[PDB]
Amino acid sequence: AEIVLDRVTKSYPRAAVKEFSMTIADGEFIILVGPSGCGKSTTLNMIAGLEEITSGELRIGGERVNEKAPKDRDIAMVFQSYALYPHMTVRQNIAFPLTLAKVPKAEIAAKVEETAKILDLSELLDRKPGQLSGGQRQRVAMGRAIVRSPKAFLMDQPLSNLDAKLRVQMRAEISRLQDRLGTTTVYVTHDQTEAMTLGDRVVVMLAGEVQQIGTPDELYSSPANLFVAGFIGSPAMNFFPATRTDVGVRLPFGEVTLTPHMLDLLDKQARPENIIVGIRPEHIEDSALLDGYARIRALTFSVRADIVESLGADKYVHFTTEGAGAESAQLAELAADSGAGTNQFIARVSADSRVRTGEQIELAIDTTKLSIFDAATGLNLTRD
Amino acid sequence: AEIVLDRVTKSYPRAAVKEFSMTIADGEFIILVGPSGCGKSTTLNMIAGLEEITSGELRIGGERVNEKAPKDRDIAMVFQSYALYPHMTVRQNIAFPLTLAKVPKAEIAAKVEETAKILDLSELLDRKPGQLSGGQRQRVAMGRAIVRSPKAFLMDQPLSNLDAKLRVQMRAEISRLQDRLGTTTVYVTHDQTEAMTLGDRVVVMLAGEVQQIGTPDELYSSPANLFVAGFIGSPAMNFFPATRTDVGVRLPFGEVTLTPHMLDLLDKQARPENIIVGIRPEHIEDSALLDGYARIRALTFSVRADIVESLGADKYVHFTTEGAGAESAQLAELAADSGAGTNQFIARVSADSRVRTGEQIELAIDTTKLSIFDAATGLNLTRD
Amino acid sequence: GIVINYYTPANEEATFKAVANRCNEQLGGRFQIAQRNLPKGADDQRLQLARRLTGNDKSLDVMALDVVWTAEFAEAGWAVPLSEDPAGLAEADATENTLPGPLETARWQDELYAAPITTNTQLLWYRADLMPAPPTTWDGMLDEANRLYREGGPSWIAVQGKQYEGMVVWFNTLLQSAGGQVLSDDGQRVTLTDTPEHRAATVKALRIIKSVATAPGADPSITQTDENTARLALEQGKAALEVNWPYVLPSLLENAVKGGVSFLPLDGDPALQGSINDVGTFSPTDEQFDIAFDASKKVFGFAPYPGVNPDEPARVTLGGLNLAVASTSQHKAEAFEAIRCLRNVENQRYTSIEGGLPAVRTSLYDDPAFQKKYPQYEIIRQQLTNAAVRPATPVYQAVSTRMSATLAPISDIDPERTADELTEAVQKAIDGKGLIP
Amino acid sequence: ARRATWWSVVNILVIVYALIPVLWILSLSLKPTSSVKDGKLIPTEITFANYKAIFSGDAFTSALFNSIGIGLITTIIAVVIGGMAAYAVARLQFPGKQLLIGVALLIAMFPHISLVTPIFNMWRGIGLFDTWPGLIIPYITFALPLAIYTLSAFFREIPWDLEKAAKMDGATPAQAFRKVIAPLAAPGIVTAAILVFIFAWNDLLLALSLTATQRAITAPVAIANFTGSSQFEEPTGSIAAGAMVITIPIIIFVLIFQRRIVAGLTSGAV
Amino acid sequence: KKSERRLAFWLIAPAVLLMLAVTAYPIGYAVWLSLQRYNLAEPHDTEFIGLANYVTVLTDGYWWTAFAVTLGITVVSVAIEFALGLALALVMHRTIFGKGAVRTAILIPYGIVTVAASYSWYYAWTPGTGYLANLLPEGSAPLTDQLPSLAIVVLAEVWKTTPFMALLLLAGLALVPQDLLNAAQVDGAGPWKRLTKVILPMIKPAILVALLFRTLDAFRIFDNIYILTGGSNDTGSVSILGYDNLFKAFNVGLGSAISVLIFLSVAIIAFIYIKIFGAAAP
Ligand SMILES: Nc1ncnc2c1ncn2[C@@H]1O[C@H](COP(=O)(O)OP(=O)(O)OP(=O)(O)O)[C@@H](O)[C@H]1O
Ligand SMILES: Nc1ncnc2c1ncn2[C@@H]1O[C@H](COP(=O)(O)OP(=O)(O)OP(=O)(O)O)[C@@H](O)[C@H]1O
Ligand SMILES: OC[C@H]1O[C@H](O[C@H]2O[C@H](CO)[C@@H](O)[C@H](O)[C@H]2O)[C@H](O)[C@@H](O)[C@@H]1O
């Protein structure tokens, strides 16, 4: 079945979950996102039935979730600590759920062999936790969820203690086997990239409030507010400081007019003169082969790339751009996520670009595909 | 001053360095890289003199430097732990190296004030390490090195235990500090992206020995072996199974008659037959707006989407290759980092690609920047 | 059965076990004597009982005790006088044929708090292997040590030199042959210098003490001496004389028949072999006794102790053991009857004979088998009639340690000083004052 | 090369520094009445008779029994009261256990004899003059702190988040408890029980005063009084044999428990 | 909150009651006994009030000297004990090979019944018989003659305690990061100066409690004196003086007073280590 909640609130001595409402369709591999110390582990504890509820009466599909025994919820979960049993072999650990459920030995034996072969860990089922890698241990904890065939699955950042090279393999495993399971399945993480890497739909929260829910490309293209826009993409969309002229910007950098339909869409509620745009660094290029239709709106203007780095097919370049308009609560708490100054930006420019460190060079921008955001209101004026 | 060594080995029950010989000029910001266990952190131990000599000799300027003069080697190094002494304030900790160097107390005080103004640190000189943030503590560990203004500074994984945002921001600090100092500086890492952030020269090694050493773009563009070709970049080249024809190469789909000079370069050696193709995933696209000279050599074939995600400028699309002929010791030991399977590959196609998961889709290759390797020796036929 | 524990020093337990068995036969199984076996150490034995008493251990039954501390045990009510025994006989029994001095010694404030059972004094026990006759004067003892040492002969003479009661007792004997006494006959006043002549006798004894502390060819190791080692010196022939209890005779005869007595290797004799029985214990026929006895007379003689003055009979300090029923005792009347049966004439016989040590019934002086069993008995009777005795004093134990403390500093024996020093100490002892050294 | 052999030499000197005097004791138990330091190395005649001589001493055999039994009862009581008060480290009440549990360690250091006097006075008043509880209660009082402290060291490791894993799994709280909590804790208990037994059994200052009956005398005090009823003041190879049989128990304990017991004492440096 | 708080009170109460009962009434009955001047040999002869009873003992030179020799014994013992304790803990930590067997070697002498060791140290020093004693010239016998025997007391007893100090001190060497030592040894301090300047401050709290225990446990000693001498050569410690009262004097007032004075005497040194040096438990 689906799983759903409404009005969900939890209140420590201070409001780590607040009024939340949702449902997840079955087989959905939903990705859950927020800063560390958002309501993540608390809502997980509430979904486990262990946490107390200030308000709400959720449904684990076919039962009142706020109103029933926790083991009787018939779910599974894996902790970021990898809770594990040093007084057991891996085989005995894999049997822990089955033996908890009084499962007959021959069935239990077939079940552990199956999940151990869904892992690679069938090579060492006789080993105890004293002789496993952290990744082998993590997978084993994954198996400790998997073998029970629950109604639903929860993942409290399981990838976290693997290195990146392990973590990408884990992301693929989680995906394929959640697909192979077809269960309602949830994962929570602090980084944006894993939520880009996997999950049908995505949900994002701050201070116990659910901020947005949607497909990750809608989040990638119409994030409702500057903070939830900034929390996604590691080369975040450059919030170049700006002020409105009723035709575009009173440009501190560039020279941009706004295209007439996008302008008359903005004009419907253009109350703030203080505004900002999400300059995605991938918009920003050296004009190296720009002939034809790309000439019409290139709006190219100079900055002096502080540094450039040949990461791949893009050789990212850092630059700075002075101005006024990029001041807000959303931007300040984005800078509390990590600080970088006020004018400092990057272009995701093509690595064949002629740019060498320590020169002023003219950066072109595909300005027809910029967003617009209320600097005063803290919200995306272009879309949600 | 400059860094040099020759015939360096240390041996443990075996050779953690295989008689290494190399140098880097004075005032440099060099980087060293390899997989865990390759001896890399060991080499730093040998440079510290805290690792002894089986063979070979060294200098940092001057000559023949021993292992019983670590403090007389004019070097300093923040450890992989960022550890520092809690028995003190930050001020006492930063003074500890200089005061132990018998610096007169007022100069010691001025020198720590200089460093504490150079770093983010003067505000917490009175705090002990028991009451610092992980970032300010990491900064303090830098302080504990740079206070010596050493003849070399040796960064042993000082920026890897932070989060991603902290790590890249620390890379900008490290840059501006090495720039501000102009002194000979080394960093060492278990990943390529650290050196991709910066490295005025870059070195990569395996099993106690150097495999390539030079400017980061040559390292990126012309790998000396399958090992280094796999280590460079996050989307490693899809080293597809193939065979050598007297006109080019038989790849599993989109196989090619090779351009005549590259072909006669391939024909310059009589022995090669078993060969594999360097499918660098970013060199791959949809034809849907490919209106240019590349259409002379699209070499396209239909490939199945195991998964695709619009993760940024690119749709990363997972697939798998056909046939067999890409199995080797270098491929296997390079595949020790993650679950690479047997033919599993990705294309980094532009994200405006009108494509979905599960379907089979005609995929176009920039063969103008394709490449080739010799499968038994495990090195590029295409470049060096 | 109804066990009566005979708590005693363990040293003679075999005798006590065999006689207790003979008594348990005689009791017809009504109640059973059983040996509770106290430390060889005197004080320890004496003060281990104080623990069991203070806790009122219900297993505490019949306690042997040395005559001295009886006043304290009576004053504290730890045993009941012979008038209170519900058998009625016990007072009359302890009165009947008991020798006078011991009977008087049990009479705390004239009340017999306990019954006497055995007694001892130290002999001038002289080897005839070198010396012609024993020195009957303590200065004569210095002269014989000097002579024998000048001869390079068996020059040592054996004495109770260590810091415990034996040194104090020896001193008390020396002092009272010099007419001196430690406290008044009531205990109501120190008397070591209550006359300047008592002071003179005290420092005269102190001069004697310092002189025997350094006499020519004495025991070189006398600093810690006790009867074990003291006998060892004489029977090895290192000494020519022993100042020791009557136990010297039977233990020497046993060791002669072990062959260890250097001048009397009676182990060579087939009548004396096997007289040492399966438990190594000399158990003679009348022939084996007379043979060993004659061979001992040929090379040894017991005598009265050396006088503190020329031709003055030594007032040797009397010693002995009394039996008392502890006020813990459940079978108290039965215990009184058990005390009576250990007092019986065949027990007195057995303890003098198999036990080898002086019983207290006077009538045995008239028995040729007792005169055989203790040839010294008449010297014992005379010296007992002449004896010095320690003052009946509840604080005696503490007083004697206070006295002992003064002796300790052997290196400096200032007669005039130490006599005033110990006078202060025994005043403080009578005063009951101070944290005890 | 040479530095390792040099270290091994330092190690051998430590093992000698330990093994020597107890070896002097054990070997001295076998002397043929030599009494003269001849048995320095490989005694002339290994005189077995001391073994049967001490075994014939049924006062000693009862004192041994008394000591073992009073050891077992005190470790049991001390563990069961101590553990369930080393617990309440999962609890942490407002008052502040940690700040006040200071006394526990302070009274572990307390001078026994200072309370031995009033204790003995009380036992002189009450019926418990030198019955078993007259040891057991006082002994428990000096066992108590080290028991609390050492169980608290395991319970500072006791990962209470495994209860969240258990609750998330299908097992009932009791079902999980009896198949994880006890399995984890048991080495911590048994080593603490052995430890407090060892620390109890070595005690003498109280026992050598608050006791005299054959019913309550213990092996240490009995061995100390083996000067009595020795044949001819020979508490010599006999008392040495007594020490040997007391100490074999310690050896056969510690040679098994070594790795575990150091973890207990160090509170974590296994 | 109050649910768990009341639960914790009920859970801790049995041990709290036990430790209280087995201490409070004893100390009370002692203080009551002091000035209630009385003797077990004088069973009805109780003074109903004895002011300055303890001042008799406090005035006695024999007490004051007995007090002094206990301290003289302890502090010397503690000093060499500490020096050996760290030396052992260092070796036991930094072993080239034998760390398990060395752990066995360390524990065995600690785990001993203390009277056994006391008798060992009593015979090795008896003349003629003693495997150590015979190496002296004639007339020596170091068990005798007061001060020479105190050297044997110290030797005998620190050999008995030392592994426990080493175990407790190893907590310092265990917590310190090895790379912290490598960083330190990767500087300008010669090994001894480096090791001391770096390790000592990290060792501080373990050092404090080790000294706190070793001080008190040495101070309330008895066995290694009594089971080696009777206190007879004026070798009498505080403890043997304390015991002799209940052994011989039977003045329960005196026995109390010395017991109480013993309690104050630990109370001050505990208060110093705790408050003046700042010592506190793990
Ligand atoms: N028992 C508690 N008492 C008081 N505050 C709490 C308690 N538990 C959690 N909080 C607070 O509520 C917030 C929510 O924590 P939650 O467990 O939901 O996520 P987290 O574990 O802190 O971080 P993440 O889940 O992202 O790893 C936290 O920031 C925390 O400070
Ligand atoms: N002193 C030593 N004795 C024996 N082997 C050693 C020693 N030091 C290192 N090694 C070997 O090196 C390997 C550990 O890797 P290394 O020494 O390079 O440190 P590292 O931290 O793994 O390096 P990096 O972090 O750069 O990968 C081990 O597998 C071990 O066999
Ligand atoms: O005769 C054997 C007894 O010797 C010791 O008692 C004697 O020696 C004491 C002095 O040390 C005297 O006080 C005592 O009067 C003597 O009888 C020993 O204490 C006794 O147990 C022996 O029976």
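Residues numbered from 1 in each chain as written, not as in the entry; some residues may be left out. Chains lettered and ligands numbered in written order. Heavy atoms only, no water. Residues with missing side-chain atoms left out of burial classes, pairs and counts.

What the deposited record gives as its method is cryo-EM, and the resolution it gives is 4.29 Å.

Asker: Can you help me understand the overall build of chain C in this one?
Answerer: Within chain C one finds 17 helices and 11 strands. For a compact globule of 437 residues, the expected C-alpha radius of gyration is about 22 Å, and chain C comes in at 22 Å, within 12% of that figure. When its C-alpha atoms are laid out on the principal axes, chain C stretches across 65 × 60 × 35 Å. Here the contacts in chain C between residues at least 6 apart in sequence split such that 74% fall between residues at least 24 apart. (Helix = DSSP H or I, 4+ residues; strand = E, 2+ residues; numbered from the N terminus. Rg over C-alpha atoms; globule rule 2.2 N^0.38 Å. Contact = heavy atoms within 4.5 Å.)

Asker: How should the arrangement of the chains be read in this particular structure?
Answerer: Ranked by contact count, the leading pair among the 6 pairs of chains in contact consists of chains D and E. With no contact between them, chain B and chain D keep their nearest C-alpha atoms 12 Å apart.

Asker: When you look at the interface of chain D and chain C in this model, what are you seeing that I'm missing?
Answerer: How big an interface is tends to be stated in terms of accessible area lost as the parts join. At the interface, 4 residues of chain D touch 4 residues of chain C. Its residues assigned to classes, the side of chain D that touches chain C shows 3 nonpolar, no polar and 1 charged. (Nonpolar A, V, L, I, M, F, W, Y, C, P; charged D, E, K, R; others polar.)

Asker: I'm lost on the sheet that holds strand 15 (residues 344-347) of chain A in this one. Help?
Answerer: Adjacent strands of a sheet pair through backbone hydrogen bonds, lying either parallel or antiparallel. All names here are of chain A. The 3 strands are arranged 13-14-15 in an open sheet whose pairing can be described as antiparallel. Of all the strands in the sheet, just strand 13 (307-309) and strand 15 have a single pairing partner and so form its edges. Averaged over all pairs of adjacent strands, the angle between strand axes in this sheet comes to 20 degrees, irrespective of strand direction. One ladder, built from 4 bridges, connects strand 14 (residues 316-320) with strand 15; its direction is antiparallel. Each residue of the ladder has a partner; that of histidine 318, found in strand 15, is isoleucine 346. (Pairing = 2+ DSSP bridges. Axes fitted to C-alpha atoms, helices over the stretch in contact; angles between N-to-C directions.)

Asker: What should I look at first to understand unusual backbone geometry in this one?
Answerer: Backbone phi values are negative for most residues with the exception of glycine, while trans is the configuration of most peptide bonds. In this structure, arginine 7 of chain A is a non-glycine residue whose phi angle is positive, near 60 degrees. Positionally, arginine 7 of chain A belongs in strand 1 (residues 3-10). Positive phi, close to 55 degrees, is recorded for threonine 33 of chain D, a residue that is not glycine. Structurally, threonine 33 of chain D can be placed in the loop between helix 1 (2-28) and helix 2 (49-55).

Asker: Please explain the domain arrangement of chain C as it appears in this structure.
Answerer: All names here are of chain C. Here chain C is partitioned into domain 1 (3-120 + 318-386) and domain 2 (123-301). Put simply, the middle of domain 1 and the middle of domain 2, counted by C-alpha atoms, are 26 Å apart. Contact residues are listed per partner, giving 9 residues for domain 1 and 9 residues for domain 2. (Domains from an automatic or database assignment.)

Asker: Help me understand the pattern of salt bridges, please; the structure alone is not making it clear to me.
Answerer: Where side chains of opposite charge bring their charged atoms close, a pairing between them can arise. Two residues, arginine 176 of chain A and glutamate 173 of chain A, come together in a salt bridge whose shortest N-O distance is 2.7 Å. Here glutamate 173 of chain A and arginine 176 of chain A lie together in helix 5 (residues 164-181), a separation of 3 residues that amounts to about one turn. Of the charged contacts, one joins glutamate 144 of chain C and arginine 147 of chain C as a salt bridge, the two residues approaching to 2.8 Å between their closest N and O atoms. With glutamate 144 of chain C and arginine 147 of chain C both in helix 6 (residues 138-151), this residue pair falls 3 residues apart, about one helical turn. Put simply, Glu144, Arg147 and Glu151 of chain C are held in one network by salt bridges that share partners. (Salt bridge = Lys/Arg side-chain N within 4 Å of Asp/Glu carboxyl O.)

Asker: Whenever I open this one, the UniProt feature "transmembrane region" (unreviewed entry) in chain E confuses me. Can you help?
Answerer: All names here are of chain E. The UniProt record annotates "transmembrane region" (unreviewed entry) at residues 7-32, 62-92, 104-124, 150-177 and 252-274. Here residues 62-92 runs as 100% helix and 0% strand, with 44 Å between its end C-alpha atoms. The span residues 150-177 shows a helical share of 93% and a strand share of 0%, and its end C-alpha atoms are spaced 41 Å apart. (UniProt positions renumbered as here; feature names shortened; annotations may be inferred.)

Asker: Would you mind going over the side chain of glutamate 81 of chain E with me for this structure?
Answerer: All names here are of chain E. Along the chain, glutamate 81 falls in helix 3 (residues 61-94). Among the polar contacts made by the side chain of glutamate 81, one reaches the side chain of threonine 161 at a distance of 2.5 Å. Discounting residues that sit within four places of it in the chain, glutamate 81 has contacts with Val158, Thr161, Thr162 and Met165. (Polar contact = N/O pair within 3.5 Å; in protein donor to acceptor, adjacent residues only side chain to side chain.)

Asker: Whenever I open this one, the environment of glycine 199 of chain A confuses me. Can you help?
Answerer: Residue and element names in this part refer to chain A. Looking at the element boundaries, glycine 199 is found in the loop between helix 6 (193-197) and strand 7 (202-206). Placed 24 residues apart in sequence, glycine 199 and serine 175 show a C-alpha to C-alpha distance of 7.7 Å. Contacts of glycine 199, omitting those with residues within four sequence positions, involve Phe29 and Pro216.

Asker: Just to check I follow, could you spell out the packing of aromatic side chains for this structure?
Answerer: Pairs of aromatic rings are described using the distance from one ring centre to the other and the angle between the two planes. Ring centres of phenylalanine 319 of chain A and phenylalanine 345 of chain A lie 6.1 Å apart, and the angle between their planes is 50 degrees; this geometry places the pair in the tilted category. Within this pair, whereas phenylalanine 319 of chain A is found in strand 14, its partner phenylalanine 345 of chain A is found in strand 15, the two being separated by 26 residues in sequence. Among the aromatic residues, ring-to-ring pairing joins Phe197, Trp201, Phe253 and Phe257 of chain D into one connected group. (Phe/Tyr/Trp six-rings, centres within 6.5 Å; stacked < 30°, edge-to-face > 60°.)

Asker: Can you help me understand the sheet that holds strand 11 (residues 319-325) of chain C in this one?
Answerer: Residues and elements named next belong to chain C. Across the sheet, 5 strands lie side by side as 2-1-3-11-6; this open sheet has mixed pairing. If you trace the sheet from one side to the other, it starts and ends with strand 2 (32-38) and strand 6 (115-120), each paired once. Strand-to-strand twist of the sheet, defined as the mean angle between neighbouring strand axes without regard to direction, takes the value 25 degrees. Pairing geometry for strand 6 and strand 11, over 5 bridges, is antiparallel. Bridge pairing links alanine 115 to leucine 323 in strand 11. Most of the contacts of helix 1 (residues 13-26) go to strand 2, to which it runs at about 165 degrees, and overall it touches strand 1 (3-9) and strand 2.

Asker: Teacher, can you tell me more about the interface of chain E and chain D here?
Answerer: Contacts between the two partners involve 60 residues from chain E, matched on the other side by 63 residues from chain D. Looking at the side of chain E that touches chain D, the elements that each hand over two or more residues are helix 1 (2-33), helix 3, helix 4 (99-111), helix 5 (114-123), helix 6 (147-175), helix 10 (238-249) and helix 11 (252-276) of chain E. Considering every element that reaches the side of chain E that touches chain D, the biggest residue donor is helix 1 of chain E, with 14 residues. Class assignment for the residues of the side of chain E that touches chain D results in 42 nonpolar, 14 polar and 4 charged.

Asker: Honestly, the pairing of strand 9 (residues 209-214) of chain B in this entry has me stumped. Any pointers?
Answerer: Look at any regular strand and the pattern is simple: side chains alternate between the two faces of the sheet. All names here are of chain B. Of the strand pairs in this sheet, strand 8 (residues 201-206) and strand 9 are connected by 5 bridges, and their pairing is antiparallel. Its bridge partner lying in strand 9, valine 202 is registered against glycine 214. The antiparallel hairpin formed by strand 8 and strand 9 contains 2 residues in its connecting segment, where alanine 207 sits at a positive phi of about 45 degrees.

Asker: Even after reading the chapter, I still don't get the pairing of strand 3 (residues 29-33) of chain A, so can you show me in this structure?
Answerer: Residue and element names in this part refer to chain A. The sheet contact formed by strand 3 and strand 6 (residues 184-189) spans 5 bridges and is parallel. If you follow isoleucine 31 over to strand 6, its bridge partner there is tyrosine 187. Taken together, the 3 bridges between strand 3 and strand 7 define a ladder with parallel strand orientation. When the sheet's bridge partners are listed, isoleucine 31 is paired in strand 7 with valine 202.

Asker: Sorry, what's going on with the side chain of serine 400 of chain C here?
Answerer: All names here are of chain C. Note on placement: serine 400 falls in helix 16 (residues 396-407). A polar side-chain atom of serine 400 sits 2.7 Å from the main-chain carbonyl oxygen of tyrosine 396. Those residues in contact with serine 400 that lie beyond four places of it in its chain are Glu165 and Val168.

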